[PDB]
Every structure is written in structure tokens, then in C-alpha cells.
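Shown next as C-alpha cells: one chain only, the form solved without this ligand.
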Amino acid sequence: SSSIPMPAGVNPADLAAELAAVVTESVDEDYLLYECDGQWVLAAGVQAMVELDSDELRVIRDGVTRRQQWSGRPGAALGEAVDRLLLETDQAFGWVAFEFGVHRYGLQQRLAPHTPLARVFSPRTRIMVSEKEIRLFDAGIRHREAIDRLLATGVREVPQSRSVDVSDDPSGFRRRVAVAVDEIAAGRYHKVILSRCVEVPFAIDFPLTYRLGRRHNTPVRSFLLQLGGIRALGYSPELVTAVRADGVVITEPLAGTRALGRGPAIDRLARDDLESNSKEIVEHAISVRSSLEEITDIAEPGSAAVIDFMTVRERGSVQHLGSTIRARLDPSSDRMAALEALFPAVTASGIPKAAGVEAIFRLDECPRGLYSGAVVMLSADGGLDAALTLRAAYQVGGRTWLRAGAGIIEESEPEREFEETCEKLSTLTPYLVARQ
């Protein structure tokens, strides 16, 4: 509801991130930038905030915090609070923790009090950036003036990045991998994704880092946020769930990994290896089966289908085997129920789910929080778009970190699994812009 023609030699990702940096800073506000199918949506300012925790639900608007106790499904509690936000505004944005998906698998009591499950907000203003134009939704005079100043200033040149060491293992990932391998060999579960955090020993400039890393990655979705004391950015390699206004539900499971970006002929050899490797084919097949079973739980009988099976999905520093699972949302179900059914992603949890999710509580640094959760965009028309939170950097308090994991199966070796985490961390490590 008002538009500005997109400038000549300006990329949408660069202008969207610059608007997020410069405009929100001049007004000192929180925001969330979400990239979805050629559109960069900047959700600027917080009109109301839904905070879902393990023990309480809070809705915060114009200084007033309303508290509620909730029981049963976290999805039903969040759904009720978000539908309310959406009666007022067209779109809501936020993040859903890994911990949101534990209730389905009987692990609710394992959550410590005040464990975040989700943060979803109604923005005061939305600025939508595409190749076509810049659209303004409910932008006030002060914001419009700040936008015009940004367009006249132009985009900042991105400085040289600063390197980070990913070779150290302070959290004993190699040790934790060996424990999971022993458990799988004993028949406890088939696969588990374990992870490790990597401390970034300097403050980074989130918008500039986002810009730099975006030039070198091909994610399904991307985000940049500053929300409630959390800064985060990511190049999501997978849609965990999308629910369209017409009832169509999609999930894009990934399983299997090879390095990418190492040179054309090297990348082709790795691509050919991935597509013919029995170990990778088996795991992908098993994951697509698990994913189909989950989507079946919320779909119209017999509406579930695999529309893309076992194809190479290129993701910057890595390439994965991917499938697309499509269904029709059953009338007895809803968008939150679909999210819960597909949560946490099989890709970043384990198989069987209940045993794999429980192994993560024992064998990984918990709560995972944003990592392996999702970044979400919800619409008043019933839409839900949820990007899997992998290939992301975070800043909370005075701490900046990266996080990456690997799929552990019976044949897994701690050394090769550690190397696999290095490949995934390389989606970001060469593009970290130091804060100036």
C-alpha cells in the first residue's frame, strides 16, 4: 500500500539488509527480515509480541503483559495467540525453538521452567523489497523519511571479512558422537543429529554479514533479525513446513551431504558420489518415509505424495539429497497442527523421532533454542511458511556463535563427522563481517 521503484544497480538482498540496518537503528527498533520467493519482507517494529514458554504464554502490547497458563499442545496455545494477532495485522513473524517439537514425543517434563518455545510478533510496519519495487505497508512519516535517506545514501560497501577457527572441539563433539554410535549399535535408534557450537570471539555486524554470505549461498529461505535481545541470521537449506491459503501443505526433507564450492570438476565428482552412494540413498529413503508418515497425520486421506524424489539440492558450502512431500490440509486440522506434526525436522533430529529427540537431550547442548527450530512467517489468510534454522549465526548477551551438526548412523566415525560439521560451518565462516 504505496511503492517506490527499485534502483538501477541495486540487488534486493543488499537494499533489504541496508534498510534493516539503517532504518531500524535510527528508530532503535526490533525487526525480522524474511526472504521468501524473490521477496525480502522487513517486519519492522513490534506492535504486539507472543511469547510462548514451556510454563507460560505471554502477550505483550503497548507496555502491557498479559500472562496465561496453557495445557496440552504447544501448537494449540501458539495458534490461538497468533490467530488473535492476525485479526489486527495481515502478517506475523518470528521463530520457533527446537523445544517446541518435544511435547509430541512425550518430553514436556524434560523442559526447565521458562524454556522459550516461540516468539511471534505483529510488526508495526512492513517494507517488501523485490527486483520489481519497494512496497510500504503502514509506514509512518518518520520511517518513510528514514527510507528516503537510505535510498539517497545508497548501500554501504561490504568490508573484508574476519576469519574464525572451527578446528577446536571444546564441547567434546567427537566424544558425544562415539556415545551415539555405541547406542545405535545397541539398537536404541537408527540415526541422530548431534551438533556443536562454535564461538565467534568478536562481535559481528549482522546486516553486513547477512549481505556478504547471501552472495555465496543458494538457500530456500533466508533471514536477518534483531528481536528481544537476540540477533540472528541464516540461509535456511530446507522448508520444514509451508501451508498455503488453499490448504496445500509442503515439507522438503534433506538427508545426505557432500561438500560444494570446491571447484566445478571436484563438486561434480562429489555430486556423482552422493547420487550413487548406497549409504546416502538408504538414509534419504528412510527420511522421506518418516516425513510422509508425519504429513499423513494432518492430511486429507490419500492426499500425501512425494512430488520430487531424491534430487541434489545445492546449498553453498554443501550439497544434499532432497525430496518434496505435498499434501492437502485436512479440515479437522490446522497450520499449527501441521507444523507440530513435522516438528522438530526429521533432518535435524533423529529416527525413530521419540528416541532420537530424547538422545539429543542427553548427547547435545540443550536447550538448542533457535538452532534446528524454525523462522516463521504467518498470514491472516491461513498461510504458514517455516524455514528450518540451520546455517545460522546468533548473538545473545555478549556471546556470538555458529552451530552445525551431522547425521550419526551405526557406521559413523567421530573424525569424519567432525569434518562434516566444518563443511556446513563453511556456509558462513568465510563471510563474517566484524562490527565496527
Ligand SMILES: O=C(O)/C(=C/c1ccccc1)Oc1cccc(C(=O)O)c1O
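Just so we're on the same page, rigid core means the largest C-alpha set that superposes within 1.5 Å between forms. For every residue, the number given is its place in the sequence shown, counted from 1.
Only in words, not in the display: the form deposited with this ligand bound, which the text now covers.
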I need the one stretch from 336 to 344, 134 to 142, 224 to 232, 300 to 308 whose residues put non-hydrogen atoms within 4.5 angstroms of this ligand in the entry with it bound. 134 to 142
Give a yes or no for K191: in the entry with it bound, does one of its heavy atoms lie within 4.5 Å of a heavy atom belonging to this ligand? yes
Can you tell me whether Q68 touches this ligand? I mean in the entry with it bound, with a 4.5 angstroms heavy atom cut-off. no
Whether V396 contacts this ligand in the entry with it bound should be assessed with a 4.5 Å heavy atom distance threshold; does it? no
Even though this ligand is not shown here, does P352 get within 4.5 Å of it in the entry with it bound, heavy atoms only? yes
Among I286, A76, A185, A178, which has at least one heavy atom within 4.5 Å of this ligand in the entry with it bound? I286
Students should find that, of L151, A203, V282, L107, the residue having a non-hydrogen atom no more than 4.5 angstroms from this ligand in the entry with it bound is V282
If you fit the rigid core between the shown form and the other one, which of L136, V181, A337, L150 ends up with a C-alpha shift of 2 Å or more? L150
Hey, does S278 budge by 2 Å or more at the Cα between the shown form and the other one once the core is superposed? yes
